[PDB]
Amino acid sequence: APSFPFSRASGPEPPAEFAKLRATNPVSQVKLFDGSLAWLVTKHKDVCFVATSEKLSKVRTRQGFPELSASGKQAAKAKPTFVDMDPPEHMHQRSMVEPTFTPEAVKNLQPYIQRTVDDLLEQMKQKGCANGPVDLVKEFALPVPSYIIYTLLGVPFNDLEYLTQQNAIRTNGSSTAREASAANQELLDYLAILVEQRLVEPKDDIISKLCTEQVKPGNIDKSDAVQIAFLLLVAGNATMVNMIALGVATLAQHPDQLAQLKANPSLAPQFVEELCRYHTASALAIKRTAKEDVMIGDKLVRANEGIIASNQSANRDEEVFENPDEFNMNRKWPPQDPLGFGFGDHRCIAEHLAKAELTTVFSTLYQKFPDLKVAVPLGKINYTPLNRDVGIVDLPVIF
């Protein structure tokens, strides 16, 4: 059995193994960092099954859960939030924050999202690249999602910057153990102080809603509130920052499409839809442990055995998407849902907000910087480690 996570075939492409398995062994076994085995599902049909089957659980204290890192097995000891729950507890809690992320609710956020992108793009232009190129990630890819989720949570304008920086240090690969620890701690303390503040006088933010509708009525306690808020911050922020950086880099790999998009921003929506399918920056989140024996494909997954369904592979399933490995912004979509945001009950709570942020970036970035280009050869781009989720650490540019 091979070691999983597999390594990306190259900086921007998914693991070469996937296509192989999809053709020969759609459901196979893999070895996890701690020696334990888990079942790896690669076909779209089979991935959808896993993400919706009621015979599978997300509870991490249940033995056999497919943890992929040392920090994971340790983060499984803490009181679980809805991301780690099953029915009925899962929706019972998810429903406490869902209101903010509905299609309608997100539509109304648009002007705010636009003002956010517009403002950062200007702080950038005003910064200029006179003496050389600047990191698009630090100046743009990072602040955009960070400022929005923090603002939605309840962080006042003046604090967005420092906290945006703390959350970054938190997941930076070059950060030392103590550096990452202090940042994580700092975030939790701040969130804890916010809850103490919104309990006294509530405002218009997610933390105030939990405080007012859950903490006070006794449905959850202070710590529960802080952990839910923390979840919303860490569950999609690094992915957003990556989708943005990968988006700019993808447009520089296909000047053709970059034209068609600069020529018609109203295409952003379907471009983002192709970015989210092509670049699955979150491919290790659909994991389960069998609650009982279940059959997937030609294999029998016995109770309490772990399962990992790759949505990155499923998004390249040639049996659903024609020419899966070709980035087609004008792509003719099939009837099956691409899995960039998962599937089933657990489908990303912020799917509409993510798409709204992406559509607003790629429908405004080149229109404010049409002479914007990546200041490094396409083969010297600093992608994330080959063995981790696809993304980009730093992206120098000129405009």
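C-alpha atoms forming the largest set that superposes within 1.5 Å between two forms make up the rigid core. Residues carry their position along the shown sequence, with the first being 1.
Superposing the other copies on the rigid core and comparing 45-53 to 63-71, farther C-alpha placement in 6 other deposited structures of this protein marks 63-71. Note on 174-182 and 142-150: with rigid core alignment, C-alpha atoms in 6 other deposited structures of this protein sit farther from this form for 174-182. Here the stretch with the larger average CA B-factor, out of 59-67 and 352-360, is 59-67. Taking the PDB entry as given, 214-222 carries the higher mean Cα B factor of the two stretches 214-222 and 139-147. Highest CA B-factor among the listed residues (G306, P111, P133, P103): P133. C48 sits in the middle third of its chain by CA B factor, as recorded in the PDB entry. Sort the chain's modelled residues by C-alpha temperature factor and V248 lands in the middle third, per the entry. Split the chain's modelled residues into thirds by C-alpha temperature factor. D34 is in the middle one. Ranked within its chain, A229 lands in the lowest third, by CA B factor from the PDB record. In this PDB entry, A23 carries a Cα temperature factor that places it within the highest third of its chain's modelled residues.
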